[PDB]
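Asker: See upload18.pdb below, with PDB, C-alpha atoms and all ligand atoms.
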ATOM      1  CA  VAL A   1     -19.103 -66.085  74.240
ATOM      2  CA  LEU A   2     -22.468 -66.382  76.080
ATOM      3  CA  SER A   3     -25.619 -67.188  74.166
ATOM      4  CA  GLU A   4     -28.362 -64.601  73.851
ATOM      5  CA  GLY A   5     -30.440 -66.815  76.144
ATOM      6  CA  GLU A   6     -27.676 -66.946  78.763
ATOM      7  CA  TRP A   7     -27.327 -63.144  78.671
ATOM      8  CA  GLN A   8     -31.076 -62.796  79.115
ATOM      9  CA  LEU A   9     -30.930 -64.971  82.246
ATOM     10  CA  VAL A  10     -28.009 -62.871  83.512
ATOM     11  CA  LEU A  11     -29.861 -59.600  82.952
ATOM     12  CA  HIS A  12     -33.145 -60.961  84.321
ATOM     13  CA  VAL A  13     -31.654 -61.705  87.737
ATOM     14  CA  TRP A  14     -29.594 -58.493  87.598
ATOM     15  CA  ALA A  15     -32.854 -56.533  87.350
ATOM     16  CA  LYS A  16     -33.793 -58.117  90.683
ATOM     17  CA  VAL A  17     -30.491 -56.840  92.109
ATOM     18  CA  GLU A  18     -31.305 -53.317  90.933
ATOM     19  CA  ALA A  19     -34.391 -53.274  93.178
ATOM     20  CA  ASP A  20     -31.946 -52.915  96.077
ATOM     21  CA  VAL A  21     -28.353 -52.374  94.969
ATOM     22  CA  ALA A  22     -27.321 -51.214  98.453
ATOM     23  CA  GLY A  23     -28.704 -54.256 100.293
ATOM     24  CA  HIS A  24     -27.236 -56.691  97.770
ATOM     25  CA  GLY A  25     -23.891 -54.882  97.959
ATOM     26  CA  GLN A  26     -23.829 -55.095 101.764
ATOM     27  CA  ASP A  27     -24.652 -58.804 101.853
ATOM     28  CA  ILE A  28     -22.108 -59.654  99.124
ATOM     29  CA  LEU A  29     -19.291 -57.772 100.857
ATOM     30  CA  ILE A  30     -20.141 -59.183 104.285
ATOM     31  CA  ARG A  31     -20.334 -62.698 102.825
ATOM     32  CA  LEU A  32     -16.983 -62.175 101.085
ATOM     33  CA  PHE A  33     -15.356 -60.926 104.291
ATOM     34  CA  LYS A  34     -16.782 -63.768 106.395
ATOM     35  CA  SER A  35     -15.896 -66.545 103.914
ATOM     36  CA  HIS A  36     -12.437 -65.117 103.076
ATOM     37  CA  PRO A  37     -11.241 -62.751 105.828
ATOM     38  CA  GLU A  38      -7.960 -61.926 104.082
ATOM     39  CA  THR A  39      -9.999 -59.863 101.600
ATOM     40  CA  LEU A  40     -10.912 -57.426 104.380
ATOM     41  CA  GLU A  41      -7.253 -56.338 104.460
ATOM     42  CA  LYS A  42      -7.719 -54.517 101.121
ATOM     43  CA  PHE A  43     -10.130 -52.081 102.860
ATOM     44  CA  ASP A  44      -8.224 -50.081 105.471
ATOM     45  CA  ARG A  45     -11.288 -47.931 106.184
ATOM     46  CA  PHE A  46     -13.186 -51.095 107.262
ATOM     47  CA  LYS A  47     -10.713 -52.474 109.834
ATOM     48  CA  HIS A  48     -12.689 -51.189 112.807
ATOM     49  CA  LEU A  49     -15.897 -53.017 111.679
ATOM     50  CA  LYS A  50     -15.837 -56.168 113.821
ATOM     51  CA  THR A  51     -19.412 -57.522 113.660
ATOM     52  CA  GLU A  52     -21.939 -58.093 110.888
ATOM     53  CA  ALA A  53     -24.153 -55.399 112.426
ATOM     54  CA  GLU A  54     -21.294 -52.884 112.340
ATOM     55  CA  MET A  55     -20.681 -53.664 108.663
ATOM     56  CA  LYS A  56     -24.394 -53.255 107.860
ATOM     57  CA  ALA A  57     -24.391 -49.925 109.736
ATOM     58  CA  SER A  58     -21.412 -48.497 107.810
ATOM     59  CA  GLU A  59     -22.631 -46.117 105.106
ATOM     60  CA  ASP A  60     -19.076 -46.183 103.747
ATOM     61  CA  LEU A  61     -19.197 -49.948 103.210
ATOM     62  CA  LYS A  62     -22.687 -49.612 101.721
ATOM     63  CA  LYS A  63     -21.542 -46.912  99.288
ATOM     64  CA  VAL A  64     -18.477 -48.950  98.303
ATOM     65  CA  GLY A  65     -20.810 -51.881  97.601
ATOM     66  CA  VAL A  66     -23.103 -49.754  95.449
ATOM     67  CA  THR A  67     -20.111 -48.445  93.475
ATOM     68  CA  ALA A  68     -18.945 -52.015  92.765
ATOM     69  CA  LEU A  69     -22.328 -53.456  91.792
ATOM     70  CA  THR A  70     -23.021 -50.412  89.594
ATOM     71  CA  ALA A  71     -19.816 -50.982  87.617
ATOM     72  CA  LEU A  72     -20.514 -54.716  87.332
ATOM     73  CA  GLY A  73     -24.084 -54.002  86.213
ATOM     74  CA  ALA A  74     -22.813 -51.722  83.448
ATOM     75  CA  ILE A  75     -20.343 -54.395  82.335
ATOM     76  CA  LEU A  76     -22.912 -57.206  82.285
ATOM     77  CA  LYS A  77     -25.273 -55.084  80.198
ATOM     78  CA  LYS A  78     -22.617 -54.853  77.465
ATOM     79  CA  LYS A  79     -23.048 -58.633  76.979
ATOM     80  CA  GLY A  80     -19.326 -59.160  76.472
ATOM     81  CA  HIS A  81     -18.619 -55.936  74.546
ATOM     82  CA  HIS A  82     -17.050 -54.380  77.628
ATOM     83  CA  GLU A  83     -13.424 -53.488  76.822
ATOM     84  CA  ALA A  84     -14.095 -49.771  77.335
ATOM     85  CA  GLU A  85     -15.733 -50.411  80.724
ATOM     86  CA  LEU A  86     -13.276 -53.098  81.867
ATOM     87  CA  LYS A  87      -9.984 -51.329  81.168
ATOM     88  CA  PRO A  88     -10.408 -48.492  83.731
ATOM     89  CA  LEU A  89     -11.555 -51.040  86.336
ATOM     90  CA  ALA A  90      -8.583 -53.323  85.665
ATOM     91  CA  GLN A  91      -6.269 -50.320  85.973
ATOM     92  CA  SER A  92      -7.871 -49.281  89.280
ATOM     93  CA  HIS A  93      -7.618 -52.792  90.622
ATOM     94  CA  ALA A  94      -4.092 -53.400  89.351
ATOM     95  CA  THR A  95      -2.324 -50.106  90.077
ATOM     96  CA  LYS A  96      -4.063 -48.538  92.993
ATOM     97  CA  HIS A  97      -5.240 -51.513  95.024
ATOM     98  CA  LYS A  98      -3.665 -54.691  93.504
ATOM     99  CA  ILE A  99      -6.554 -57.190  93.657
ATOM    100  CA  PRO A 100      -5.625 -60.762  92.689
ATOM    101  CA  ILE A 101      -7.828 -62.692  90.289
ATOM    102  CA  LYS A 102      -8.464 -65.186  93.105
ATOM    103  CA  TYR A 103     -10.159 -62.415  95.095
ATOM    104  CA  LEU A 104     -12.402 -61.793  92.071
ATOM    105  CA  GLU A 105     -13.207 -65.505  92.259
ATOM    106  CA  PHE A 106     -14.043 -65.097  95.963
ATOM    107  CA  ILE A 107     -16.468 -62.224  95.353
ATOM    108  CA  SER A 108     -17.988 -64.041  92.371
ATOM    109  CA  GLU A 109     -18.824 -66.903  94.740
ATOM    110  CA  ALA A 110     -20.381 -64.395  97.177
ATOM    111  CA  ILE A 111     -22.377 -62.831  94.330
ATOM    112  CA  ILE A 112     -23.788 -66.229  93.306
ATOM    113  CA  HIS A 113     -24.591 -67.101  96.932
ATOM    114  CA  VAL A 114     -26.479 -63.864  97.689
ATOM    115  CA  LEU A 115     -28.392 -63.994  94.397
ATOM    116  CA  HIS A 116     -29.560 -67.535  95.103
ATOM    117  CA  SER A 117     -30.332 -66.676  98.731
ATOM    118  CA  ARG A 118     -32.577 -63.771  97.714
ATOM    119  CA  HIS A 119     -33.994 -64.888  94.325
ATOM    120  CA  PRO A 120     -34.134 -68.709  94.157
ATOM    121  CA  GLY A 121     -37.239 -68.587  91.973
ATOM    122  CA  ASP A 122     -35.354 -66.453  89.456
ATOM    123  CA  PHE A 123     -31.904 -68.026  89.948
ATOM    124  CA  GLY A 124     -32.061 -71.769  89.313
ATOM    125  CA  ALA A 125     -29.495 -73.973  87.630
ATOM    126  CA  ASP A 126     -29.631 -72.537  84.122
ATOM    127  CA  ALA A 127     -29.463 -68.962  85.431
ATOM    128  CA  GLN A 128     -26.658 -69.809  87.881
ATOM    129  CA  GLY A 129     -24.703 -71.343  85.014
ATOM    130  CA  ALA A 130     -25.284 -68.248  82.875
ATOM    131  CA  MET A 131     -24.180 -65.879  85.646
ATOM    132  CA  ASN A 132     -21.127 -68.058  86.317
ATOM    133  CA  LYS A 133     -20.126 -67.834  82.650
ATOM    134  CA  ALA A 134     -20.580 -64.061  82.613
ATOM    135  CA  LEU A 135     -18.462 -63.638  85.750
ATOM    136  CA  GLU A 136     -15.852 -66.045  84.349
ATOM    137  CA  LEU A 137     -15.626 -63.880  81.221
ATOM    138  CA  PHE A 138     -15.305 -60.769  83.377
ATOM    139  CA  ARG A 139     -12.441 -62.332  85.355
ATOM    140  CA  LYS A 140     -10.724 -63.641  82.217
ATOM    141  CA  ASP A 141     -10.819 -60.251  80.492
ATOM    142  CA  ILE A 142      -9.726 -58.427  83.667
ATOM    143  CA  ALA A 143      -6.820 -60.872  83.933
ATOM    144  CA  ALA A 144      -5.710 -60.091  80.370
ATOM    145  CA  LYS A 145      -5.917 -56.349  81.046
ATOM    146  CA  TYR A 146      -3.930 -56.931  84.258
ATOM    147  CA  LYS A 147      -1.089 -58.523  82.288
ATOM    148  CA  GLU A 148      -1.203 -55.741  79.681
ATOM    149  CA  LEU A 149      -0.472 -53.335  82.568
ATOM    150  CA  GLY A 150       2.363 -55.525  83.867
ATOM    151  CA  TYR A 151       0.424 -56.985  86.836
ATOM    152  CA  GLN A 152       0.186 -60.758  86.765
ATOM    153  CA  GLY A 153      -2.852 -60.937  89.073
ATOM    154  CA  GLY A 154      -1.538 -63.361  91.685
TER     155      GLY A 154
HETATM  156  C1  LIG A 201     -17.057 -57.738  90.703
HETATM  157  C2  LIG A 201     -16.075 -57.354  91.433
HETATM  158  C3  LIG A 201     -15.639 -55.996  91.590
HETATM  159  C4  LIG A 201     -15.998 -54.888  90.970
HETATM  160  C5  LIG A 201     -16.984 -54.734  89.876
HETATM  161  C6  LIG A 201     -15.268 -53.842  91.562
HETATM  162  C7  LIG A 201     -15.426 -52.535  91.165
HETATM  163  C8  LIG A 201     -14.824 -51.470  91.744
HETATM  164  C9  LIG A 201     -14.970 -50.121  91.390
HETATM  165  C10 LIG A 201     -15.849 -49.588  90.339
HETATM  166  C11 LIG A 201     -14.194 -49.388  92.182
HETATM  167  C12 LIG A 201     -14.095 -47.856  92.148
HETATM  168  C13 LIG A 201     -12.920 -47.399  91.373
HETATM  169  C14 LIG A 201     -12.778 -45.924  90.932
HETATM  170  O1  LIG A 201     -13.629 -45.014  91.091
HETATM  171  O2  LIG A 201     -11.713 -45.623  90.377
HETATM  172  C15 LIG A 201     -13.525 -50.336  93.018
HETATM  173  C16 LIG A 201     -12.653 -50.034  94.005
HETATM  174  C17 LIG A 201     -12.060 -50.939  94.832
HETATM  175  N1  LIG A 201     -12.126 -52.222  94.816
HETATM  176 FE1  LIG A 201     -13.160 -53.200  93.601
HETATM  177  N2  LIG A 201     -14.498 -54.319  92.485
HETATM  178  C18 LIG A 201     -14.646 -55.604  92.593
HETATM  179  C19 LIG A 201     -14.014 -56.513  93.423
HETATM  180  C20 LIG A 201     -13.110 -56.215  94.416
HETATM  181  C21 LIG A 201     -12.544 -57.084  95.366
HETATM  182  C22 LIG A 201     -12.825 -58.545  95.431
HETATM  183  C23 LIG A 201     -11.731 -56.321  96.165
HETATM  184  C24 LIG A 201     -10.942 -56.627  97.335
HETATM  185  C25 LIG A 201     -11.041 -57.731  97.949
HETATM  186  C26 LIG A 201     -11.842 -55.016  95.696
HETATM  187  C27 LIG A 201     -11.193 -53.957  96.245
HETATM  188  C28 LIG A 201     -11.400 -52.663  95.817
HETATM  189  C29 LIG A 201     -10.799 -51.579  96.546
HETATM  190  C30 LIG A 201      -9.918 -51.708  97.745
HETATM  191  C31 LIG A 201     -11.208 -50.489  95.912
HETATM  192  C32 LIG A 201     -10.956 -49.026  96.203
HETATM  193  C33 LIG A 201     -12.114 -48.570  97.131
HETATM  194  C34 LIG A 201     -11.572 -47.801  98.289
HETATM  195  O3  LIG A 201     -10.482 -48.141  98.745
HETATM  196  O4  LIG A 201     -12.191 -46.837  98.772
HETATM  197  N3  LIG A 201     -12.692 -54.983  94.648
HETATM  198  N4  LIG A 201     -13.927 -51.576  92.745
END
Translate the structure of the given file into structure tokens.

Answerer:
Amino acid sequence: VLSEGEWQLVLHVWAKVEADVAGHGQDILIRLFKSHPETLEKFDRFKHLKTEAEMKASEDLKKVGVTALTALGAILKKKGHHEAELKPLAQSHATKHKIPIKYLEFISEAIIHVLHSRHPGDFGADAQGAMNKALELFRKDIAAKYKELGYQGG
């Protein structure tokens, strides 16, 4: 799917994320919630967080962000050979929480935005394209695992 060069650009910027998984996770979630507020409804433990400062102060939100970016990091490092990592995540998202593919599109946008905000010198056009392809492949494979479980992802 992705070229070896595209994967290298993906994993190069991901190494920058790993310098501060918590801070990236916070900014991505807060960007997702501000750009698409309906996504905040999937997090009942976050309903009382009304301001950006309250979200940044919530260790719970921070930990949830770290858990997400950790799983995505492990998937990206498989360079497309991620069935074993993607199936449990698809099941969690399709049976417990029911997350539509469109919401995975929303957070992908927030991921790209935060990465370019923090690392423009390591996230120009070729790298953005590479990361977009990797996230597209993630969403496409999650969608197929969704259907396999009987959840159509809408
Ligand atoms: C790249 C995108 C995402 C990744 C990698 C991801 C990953 C994860 C992981 C690893 C868990 C923990 C599951 C477990 O231990 O069984 C989780 C939980 C969850 N995810 Fe996602 N997720 C993503 C996107 C989203 C989006 C966009 C939403 C909602 C808008 C969402 C909602 C949830 C919820 C509600 C939970 C359960 C956490 C809790 O309620 O305490 N996720 N996610």

Asker: Could you tell me which residues the PyMOL selection byres (((chain A and resi 37-46) around 12) and not hetatm) returns for this structure, as a ChimeraX atom specification?

Answerer: /A:29-36,47-52,54-62,64-65,93,96-107

Asker: Could you spell out the hits of the PyMOL selection byres (((chain A and resi 16-19) around 12) and not hetatm) on the shown file, as a ChimeraX atom specification?

Answerer: /A:9-15,20-28,66,69-70,72-74,111-112,114-123

Asker: Counting all atoms listed in the file, write as a VMD selection string all protein and nucleic acid residues lying at most 10 Å from (-10.3, -53.1, 83.2) in the file's frame.

Answerer: chain A and resid 82 to 94 138 to 139 141 to 146 149

Asker: If you keep C-alpha atoms, can you produce a file of those selected residues as an mmCIF file, in the frame of the given file?

Answerer:
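Output below, filename result32.cif:
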data_model
loop_
_atom_site.group_PDB
_atom_site.id
_atom_site.type_symbol
_atom_site.label_atom_id
_atom_site.label_comp_id
_atom_site.auth_asym_id
_atom_site.auth_seq_id
_atom_site.Cartn_x
_atom_site.Cartn_y
_atom_site.Cartn_z
ATOM 1 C CA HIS A 82 -17.050 -54.380 77.628
ATOM 2 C CA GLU A 83 -13.424 -53.488 76.822
ATOM 3 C CA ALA A 84 -14.095 -49.771 77.335
ATOM 4 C CA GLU A 85 -15.733 -50.411 80.724
ATOM 5 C CA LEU A 86 -13.276 -53.098 81.867
ATOM 6 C CA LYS A 87 -9.984 -51.329 81.168
ATOM 7 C CA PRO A 88 -10.408 -48.492 83.731
ATOM 8 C CA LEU A 89 -11.555 -51.040 86.336
ATOM 9 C CA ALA A 90 -8.583 -53.323 85.665
ATOM 10 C CA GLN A 91 -6.269 -50.320 85.973
ATOM 11 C CA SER A 92 -7.871 -49.281 89.280
ATOM 12 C CA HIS A 93 -7.618 -52.792 90.622
ATOM 13 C CA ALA A 94 -4.092 -53.400 89.351
ATOM 14 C CA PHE A 138 -15.305 -60.769 83.377
ATOM 15 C CA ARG A 139 -12.441 -62.332 85.355
ATOM 16 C CA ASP A 141 -10.819 -60.251 80.492
ATOM 17 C CA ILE A 142 -9.726 -58.427 83.667
ATOM 18 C CA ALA A 143 -6.820 -60.872 83.933
ATOM 19 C CA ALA A 144 -5.710 -60.091 80.370
ATOM 20 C CA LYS A 145 -5.917 -56.349 81.046
ATOM 21 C CA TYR A 146 -3.930 -56.931 84.258
ATOM 22 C CA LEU A 149 -0.472 -53.335 82.568
#

Asker: Distance atom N3 of ligand LIG 201 (chain A)-atom CA of residue 6 of chain A, one decimal place?

Answerer: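 Taking atom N3 of ligand LIG 201 (chain A) and atom CA of residue 6 of chain A, their separation equals 24.9 Å.
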
Asker: Taking all atoms listed in the file into account, which of A:135, A:147, A:1, A:153 comes nearest residue 76 of chain A?

Answerer: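 Going through A:135, A:147, A:1, A:153 one by one, the smallest distance to residue 76 of chain A is for A:135.
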
Asker: How far is it from atom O1 of ligand LIG 201 (chain A) to atom CA of residue 154 of chain A, in Å with one decimal?

Answerer: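 Interatomic distance here is 22.0 Å.
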
Asker: Can you tell me how far atom CA of residue 152 of chain A sits from atom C14 of ligand LIG 201 (chain A), in Å to one decimal?

Answerer: 20.1 Å

Asker: Between A:113, A:63, A:81, A:133, which one has atoms that come closest to ligand LIG 201 (chain A), using all atoms listed in the file?

Answerer: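 For ligand LIG 201 (chain A), the nearest of the given residues is A:63.
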
Asker: Taking all atoms of ligand LIG 201 (chain A) that the file lists and extending 4 Å past them on each side, where is the centre of the axis-aligned box and how long are its edges? Answer in Å to one decimal, as AutoDock Vina command-line options.

Answerer:
--center_x -13.5 --center_y -51.8 --center_z 94.3 --size_x 15.1 --size_y 21.5 --size_z 16.9

Asker: Return the single residue from A:127, A:80, A:7, A:109 that is closest to ligand LIG 201 (chain A), with distances computed using only C-alpha atoms and all ligand atoms.

Answerer: A:109

Asker: Identify which of the residues A:71, A:110, A:131, A:140 lies closest to residue 5 of chain A, counting only C-alpha atoms when measuring atom-to-atom distances.

Answerer: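 When distances to residue 5 of chain A are compared using only C-alpha atoms, the smallest one comes from A:131.
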
Asker: As an mmCIF file, in the coordinates of the input, could you write out segment 104-124 of chain A once it has been completed with N, CA, C and O atoms?

Answerer:
data_model
loop_
_atom_site.group_PDB
_atom_site.id
_atom_site.type_symbol
_atom_site.label_atom_id
_atom_site.label_comp_id
_atom_site.auth_asym_id
_atom_site.auth_seq_id
_atom_site.Cartn_x
_atom_site.Cartn_y
_atom_site.Cartn_z
ATOM 1 N N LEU A 104 -11.236 -61.935 92.942
ATOM 2 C CA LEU A 104 -12.402 -61.793 92.071
ATOM 3 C C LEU A 104 -13.188 -63.091 92.011
ATOM 4 O O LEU A 104 -14.420 -63.065 91.884
ATOM 5 N N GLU A 105 -12.501 -64.232 92.110
ATOM 6 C CA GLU A 105 -13.207 -65.505 92.259
ATOM 7 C C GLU A 105 -13.996 -65.545 93.570
ATOM 8 O O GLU A 105 -15.160 -65.953 93.594
ATOM 9 N N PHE A 106 -13.368 -65.117 94.670
ATOM 10 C CA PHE A 106 -14.043 -65.097 95.963
ATOM 11 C C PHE A 106 -15.330 -64.280 95.902
ATOM 12 O O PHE A 106 -16.392 -64.750 96.322
ATOM 13 N N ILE A 107 -15.263 -63.059 95.363
ATOM 14 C CA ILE A 107 -16.468 -62.224 95.353
ATOM 15 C C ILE A 107 -17.491 -62.752 94.360
ATOM 16 O O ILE A 107 -18.700 -62.599 94.573
ATOM 17 N N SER A 108 -17.046 -63.390 93.272
ATOM 18 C CA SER A 108 -17.988 -64.041 92.371
ATOM 19 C C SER A 108 -18.791 -65.107 93.100
ATOM 20 O O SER A 108 -20.011 -65.183 92.941
ATOM 21 N N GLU A 109 -18.119 -65.935 93.903
ATOM 22 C CA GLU A 109 -18.824 -66.903 94.740
ATOM 23 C C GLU A 109 -19.854 -66.212 95.630
ATOM 24 O O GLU A 109 -21.003 -66.660 95.725
ATOM 25 N N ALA A 110 -19.453 -65.120 96.299
ATOM 26 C CA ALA A 110 -20.381 -64.395 97.177
ATOM 27 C C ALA A 110 -21.552 -63.816 96.391
ATOM 28 O O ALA A 110 -22.688 -63.810 96.873
ATOM 29 N N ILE A 111 -21.293 -63.306 95.186
ATOM 30 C CA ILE A 111 -22.377 -62.831 94.330
ATOM 31 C C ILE A 111 -23.372 -63.951 94.063
ATOM 32 O O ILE A 111 -24.582 -63.779 94.248
ATOM 33 N N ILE A 112 -22.882 -65.120 93.621
ATOM 34 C CA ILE A 112 -23.788 -66.229 93.306
ATOM 35 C C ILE A 112 -24.588 -66.642 94.537
ATOM 36 O O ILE A 112 -25.793 -66.930 94.454
ATOM 37 N N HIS A 113 -23.928 -66.686 95.694
ATOM 38 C CA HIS A 113 -24.591 -67.101 96.932
ATOM 39 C C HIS A 113 -25.722 -66.149 97.310
ATOM 40 O O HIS A 113 -26.836 -66.588 97.618
ATOM 41 N N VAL A 114 -25.458 -64.839 97.294
ATOM 42 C CA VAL A 114 -26.479 -63.864 97.689
ATOM 43 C C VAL A 114 -27.641 -63.871 96.694
ATOM 44 O O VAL A 114 -28.823 -63.816 97.081
ATOM 45 N N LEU A 115 -27.333 -63.978 95.402
ATOM 46 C CA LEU A 115 -28.392 -63.994 94.397
ATOM 47 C C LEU A 115 -29.293 -65.216 94.563
ATOM 48 O O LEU A 115 -30.518 -65.122 94.409
ATOM 49 N N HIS A 116 -28.714 -66.366 94.897
ATOM 50 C CA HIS A 116 -29.560 -67.535 95.103
ATOM 51 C C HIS A 116 -30.283 -67.475 96.440
ATOM 52 O O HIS A 116 -31.400 -67.990 96.562
ATOM 53 N N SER A 117 -29.667 -66.855 97.448
ATOM 54 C CA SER A 117 -30.332 -66.676 98.731
ATOM 55 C C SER A 117 -31.571 -65.801 98.596
ATOM 56 O O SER A 117 -32.629 -66.115 99.158
ATOM 57 N N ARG A 118 -31.469 -64.713 97.834
ATOM 58 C CA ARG A 118 -32.577 -63.771 97.714
ATOM 59 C C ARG A 118 -33.572 -64.121 96.619
ATOM 60 O O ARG A 118 -34.761 -63.839 96.785
ATOM 61 N N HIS A 119 -33.128 -64.696 95.490
ATOM 62 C CA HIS A 119 -33.994 -64.888 94.325
ATOM 63 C C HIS A 119 -33.956 -66.325 93.804
ATOM 64 O O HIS A 119 -33.768 -66.551 92.610
ATOM 65 N N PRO A 120 -34.181 -67.325 94.661
ATOM 66 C CA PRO A 120 -34.134 -68.709 94.157
ATOM 67 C C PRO A 120 -35.087 -68.962 93.000
ATOM 68 O O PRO A 120 -34.732 -69.673 92.048
ATOM 69 N N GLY A 121 -36.285 -68.382 93.046
ATOM 70 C CA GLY A 121 -37.239 -68.587 91.973
ATOM 71 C C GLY A 121 -36.812 -67.978 90.657
ATOM 72 O O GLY A 121 -37.331 -68.366 89.605
ATOM 73 N N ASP A 122 -35.888 -67.024 90.684
ATOM 74 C CA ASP A 122 -35.354 -66.453 89.456
ATOM 75 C C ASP A 122 -33.863 -66.747 89.289
ATOM 76 O O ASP A 122 -33.190 -66.096 88.479
ATOM 77 N N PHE A 123 -33.333 -67.724 90.024
ATOM 78 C CA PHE A 123 -31.904 -68.026 89.948
ATOM 79 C C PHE A 123 -31.660 -69.523 90.154
ATOM 80 O O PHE A 123 -30.876 -69.953 91.000
ATOM 81 N N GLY A 124 -32.320 -70.345 89.343
ATOM 82 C CA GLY A 124 -32.061 -71.769 89.313
ATOM 83 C C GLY A 124 -30.858 -72.121 88.457
ATOM 84 O O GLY A 124 -30.073 -71.268 88.039
#
